[PDB]
Amino acid sequence: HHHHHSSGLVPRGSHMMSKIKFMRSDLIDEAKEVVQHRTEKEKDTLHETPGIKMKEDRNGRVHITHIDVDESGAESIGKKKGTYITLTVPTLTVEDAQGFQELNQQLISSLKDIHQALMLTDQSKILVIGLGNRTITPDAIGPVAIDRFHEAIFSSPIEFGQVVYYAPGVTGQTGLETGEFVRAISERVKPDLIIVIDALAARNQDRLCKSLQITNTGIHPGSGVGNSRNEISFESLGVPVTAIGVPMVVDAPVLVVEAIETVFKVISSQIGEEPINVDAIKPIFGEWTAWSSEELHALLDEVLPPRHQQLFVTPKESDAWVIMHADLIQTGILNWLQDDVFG
Amino acid sequence: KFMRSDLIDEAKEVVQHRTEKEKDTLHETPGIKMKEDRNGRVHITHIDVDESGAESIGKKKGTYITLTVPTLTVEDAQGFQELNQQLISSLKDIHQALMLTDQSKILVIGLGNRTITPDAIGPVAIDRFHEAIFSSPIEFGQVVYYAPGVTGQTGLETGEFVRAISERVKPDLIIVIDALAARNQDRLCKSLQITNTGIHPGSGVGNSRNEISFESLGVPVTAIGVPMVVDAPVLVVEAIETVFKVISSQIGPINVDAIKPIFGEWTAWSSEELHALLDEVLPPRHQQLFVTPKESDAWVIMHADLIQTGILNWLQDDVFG
Amino acid sequence: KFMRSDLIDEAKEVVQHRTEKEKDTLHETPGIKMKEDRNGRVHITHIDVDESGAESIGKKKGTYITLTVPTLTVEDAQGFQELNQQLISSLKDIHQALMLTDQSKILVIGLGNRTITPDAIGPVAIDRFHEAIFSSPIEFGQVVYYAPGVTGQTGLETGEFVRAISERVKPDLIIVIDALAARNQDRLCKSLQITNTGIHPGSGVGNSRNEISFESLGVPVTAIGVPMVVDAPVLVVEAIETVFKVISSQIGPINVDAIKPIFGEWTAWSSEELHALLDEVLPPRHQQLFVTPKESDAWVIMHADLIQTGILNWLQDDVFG
Amino acid sequence: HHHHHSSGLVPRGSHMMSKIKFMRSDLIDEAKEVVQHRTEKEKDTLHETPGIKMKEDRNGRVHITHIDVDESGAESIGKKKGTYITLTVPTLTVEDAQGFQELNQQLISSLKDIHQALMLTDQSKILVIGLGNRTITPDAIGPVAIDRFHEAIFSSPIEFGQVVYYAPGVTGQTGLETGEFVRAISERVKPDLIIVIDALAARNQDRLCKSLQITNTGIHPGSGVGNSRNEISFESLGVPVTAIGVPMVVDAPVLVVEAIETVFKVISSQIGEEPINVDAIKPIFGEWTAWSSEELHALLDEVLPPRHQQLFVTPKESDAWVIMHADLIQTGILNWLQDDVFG
């Protein structure tokens, strides 16, 4: 009859708002179309999203996902055209020096892969920006990366000059958005590459602090912890823009949504001693077992006190995580600059 | 331990005692006395726990003043000031049983990890406290203070640490500032909890504070706490309950029969049953997640200023000066 | 450039004009007008430089109010408050020629490197400024502010940087907070210098500030400076001169003939001659050393609070509100 | 006639006060007796300070000075009995990654040399303390070292536990001296070694940030930037105490004193186209050309405004220095712990 199970209860407008929020979630490998395109490879099957080429390697403990989104796939799934490399150590912990060491290697290799077509010379001027608010622990990735980057420049062949770096902080206090601020600098610096380091938001809490995502599509709008970034890309600016991000937070309503769906999934997987067996669990757990993640999120948006959307979720030791990742990202960028741009 | 809160006004017994009471009855049950009060925009909650209360509810015996401005925001200048006067007032009352003079020694302690935003209440308060004292011509040499941070890295528990200082400074009062975990998100950063019960075991963001009490080191220990986080599974349970209550009321006290076919049988369950199922099926890592306002760095500043100002106004007006 | 100071009341011409004047004469020389005044414990020094003054002394043409509490310490509550009212007052006067309304845009800029203690005046002031604004219910959306730190790391000079913001925010006033180098150590942290000449080239701890002026970006630029350091060779010269003056006076205006056999012929030299010999013989690294009070972190806090409070009291009383 | 040239002008008391201040200067290689004992080796000459054995090596750009002070020499020169290793790269700059790399090697080697006689096992509990006030740039050595030490523990075999570490900060705000505070912890931790990292004061400004001094005599009283340390040593505490210090400041009156003496020395060395030729320069420069550094300092103490003694002198980029040295000291300690105590 109706097309969506929530119709009659969740406003159609709120459902559409949530569909959009989820298409613009920071991890491309969390788009629904990308998770279907991975399952679909059972010796290759149709692929209803055609504008998605997905490579999948693995090198030690690092699982690599290379995704190219062409112009057709971008209109389909709502994410800028370009390349997305996601590196993931699922077992990673703060103490896991080896995993961090392996991620460092994979990061340097992916940095030249994604930048080979730029044809970078030992005469290129490279601008590194760490976005984030330093006093919000999981958002401090960017700024702490810039601090460590500046430190490592001393002990390194790389002269200052030909690599310039800034951590803009909360640029809104001065009357500019992070977009204009990075533009105001890139105009005078005239860089050949702009690398932006930022903290990202995941939907599944098990993703947090265990992945890097490198993309040549820049900083997408509505991204980051504050859900408030402006586009910073080769299109907005005229300079190639690479974003390196690590997922540090879940939005409070999104964490609720995945918990509810985890109840449904776990109960479903234990039938017969990750799909939801709606027919079996619906008499117990209700019609919303049939709903999609966005319908549940639209429900939460309507029903929860509004302060819920001002809340984030992060690990209790996310300050150790920030330190480990800020050191990983700065090191891979600098070793990449040494090996394959300046030496 | 389900639905863990550090606020005393959030334990089930105290929420029922509060509705037996305002339903102009008297019939309590635990053996705990609780007077309410409002002073302008501040809702004061005086709560007293005898030893009968203590073992019933699982909270130490003593006194619990809870101030709250429900519409408080960071820009709320007026809200923050009445909060401060009420804090000084509560501070003399809870300590008038103590008869402190200009010759008694007050040790102020800020607990918390500075690099975890909502946990910074403690150390940022000591910072601002320090600033105020040396901004004041008053020596305040009868006021010492410290923020020990993560004492674990030195191989000492926060209890031992505070005792090693208190053993040597030999104080007559110990005021501890610290951030609390709460159970309802809308309580976050809008209440202070003053109590002569000190710091209860397993309180805080990390759910792991050691007891710092009268009973733990032999000095009076008064805690000033701000609820700054909710634990992630606790938040999920409250949110699911809020879906139920909101949808039920919008239909026409939860109406389980009307919402059960959409939202399922657990619409009838208790908070503890919901929390037990989530504890069984969610990945363990949820236990390691906390939930906090995106503006929590601003909240830390505002509350660190409030608490330092209260302690110092109270010290110079009613214990020195 | 010998005996470099950033305070205008420390240039030789202004020290002679000040003794021609108080010796109840009039006969100046440069073409600069200088009224003195004291308001309680604050010594105010209004100084005006026309273009004749500008090229004589090597300081930009404009107005220079210099407030000073010679007995100021960090604990000096009263000293710090009169300082603040006098700062607001000086801020309306220096800006009453500007006719700013509730619709004009004020950009406040804190210069300095946060990790160099005495250079932190600027950024710590912006921090505290930010706190005060969002503590105030007033939006202050006509007040924007930034602390750019060490803009050099991004490949931009501080001048360009401030212009890239000012170009886009298009302000009507720019107030810059910054730490100054002085020439007499006993001036350190006891004066504010307000001036519509902005930030002179080569001022600051690093002796390397770019000009930020009316003439550099076309907006009014008012500097609020605190003298926080002395350059090391400058300090040596002043100290040697102090030996001479103290020993000479203790004998019975320096008495060169009496002290020359103990302290040598350079007892008769000028400050510039002494500084030239030191510049020739000392290792170059002296040029890279600064001198600052051991308590300078406390001073940064106190003055950052003062300056933020002045700017904001003045903005809401005399430009908004 | 009289024994001291300043007699009649400088009070005898102030001269004695300054003699003491200079015997208790942080760098043992700046004691007057130690500089004479080095010159004296012209194929060995008498040595009027007999309680001083001085080794002198050099390994790459690192100049090493090993000094042992026996009980006789300690009464003579006023510095605790024990060993002092001073490593120095005179050419060192913040950017000098190689010099820092060489200093790191020398530091690890000296750390086991000075600790061999302790017979440390993989079961020893080691306590590292970084003293200093973090908001006074050159004094931030200690605390920043502890931050970096804590970070490197994650990425390193060394479990936390068996190496505990604290940065006490300004312990006077709580009613304890840094002495009692380190005692209050060492009693409960019961360490087998206590390593203290602190910033030191030099007399010659050319020393700043170019040396490390490792000693088993602990933290001497009156040391550090504040001239206010309490003894923290094997004697005060009962646990062996090693101090690692780097000189970051000159006291303002002491900098004046060396400037004045530099005038006298430079003028003196250019006669005939580091002694002071008193007879030649005294008609020009005065009787105080004959005075000793302490007599000049005693003069300054009497004559200068008292705020002069509340002033310190540090390089304009001493924050980069703190970062480079805090990373050097933490790295050498941790590599020493790995190679020669736990692996």
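Residues numbered from 1 in each chain as written, not as in the entry; some residues may be left out. Chains lettered and ligands numbered in written order. Heavy atoms only, no water.

Structure determination for this PDB entry is given in the record as X-ray crystallography, at a resolution of 2.50 Å.

Before going further, it helps to examine the interface of chain D and chain B. Residue-level contacts link 19 residues of chain D with 20 residues of chain B. Around 1600 Å² of area is buried between chain D and chain B when both sides are counted, 54% of it from carbon and sulfur atoms. Linking chain D with chain B are two salt bridges. The salt bridge involving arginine 188 of chain D is made with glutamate 167 of chain B; its shortest N-O contact spans 2.9 Å. (Contact = heavy atoms within 4.5 Å. Buried area = accessible area lost by both parts, 1.4 Å probe. Salt bridge = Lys/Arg side-chain N within 4 Å of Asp/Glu carboxyl O.)

Applying the stated rule across the entire model yields 40 aromatic pairs over all chains. Centre to centre, the rings of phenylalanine 149 of chain A and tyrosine 165 of chain A are 5.5 Å apart; their planes meet at 90°, and the pair counts as edge-to-face. With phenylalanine 149 of chain A in helix α5 (residues 141-154) and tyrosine 165 of chain A in strand β5 (residues 163-166), this pair connects stretches of sequence that are 16 residues apart. Each member of the pair, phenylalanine 149 of chain A as well as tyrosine 165 of chain A, is classed as buried. Of the aromatic side chains, those joined through ring pairs into one cluster are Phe264, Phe285, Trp288 and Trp291 of chain A together with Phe244, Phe263, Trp266 and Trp269 of chain B. (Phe/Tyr/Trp six-rings, centres within 6.5 Å; stacked < 30°, edge-to-face > 60°. Helix = DSSP H or I, 4+ residues; strand = E, 2+ residues; numbered from the N terminus. Buried < 20%, exposed > 50% of the residue type's maximum accessible area, 1.4 Å probe, protein only.)

All names here are of chain B. Where strand β1 (residues 32-39) meets strand β2 (residues 42-49), eight bridges bridge the pair, whose relative direction is antiparallel. Note on β2: the bridge partner recorded for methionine 34 is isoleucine 47. Between β1 and β2, which pair antiparallel and follow one another directly, the connecting turn spans two residues, one of which, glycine 40, has a positive phi of 70°. Here β2 pairs with strand β3 (residues 62-68) via seven bridges, running antiparallel. Residue pairing for β3: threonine 45 is matched across the bridge by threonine 66. (Pairing = 2+ DSSP bridges.)

A word on the interface of chain B and chain A. Chain B puts 48 residues into the contact, and the matching count from chain A is 49 residues. Of the roughly 4000 Å² buried where chain B meets chain A, counting both sides, 65% is carbon and sulfur surface. Of all residues in chain B, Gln185, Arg285 and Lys294 of chain B give up the largest surface area on contact with chain A, accounting jointly for 20% of the area buried on that side. Applying the counting rule to chain B against chain A returns two salt bridges. Where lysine 316 of chain A meets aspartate 231 of chain B, a salt bridge forms, and the shortest distance between an N and an O atom there is 3.8 Å. Taken together, the links from chain B to chain A amount to 26 residue pairs in polar contact. Put simply, the parts of the chain that give the side of chain B that touches chain A at least two residues each are α7 (232-251), α8 (256-263), α9 (271-281), β9 (289-293) and α10 (296-318) of chain B. Among the elements that line the side of chain B that touches chain A, the one with the most residues is α7 of chain B, at 10 residues. Across the side of chain B that touches chain A, the residue classes break down as 27 nonpolar, 12 polar and nine charged. Note that strand β9 (residues 311-315) of chain A and β9 of chain B share five bridges and pair antiparallel. Within β9 of chain B, the position partnered with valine 313 of chain A by the bridge is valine 291 of chain B. (Polar contact = N/O pair within 3.5 Å; in protein donor to acceptor, adjacent residues only side chain to side chain. Nonpolar A, V, L, I, M, F, W, Y, C, P; charged D, E, K, R; others polar.)

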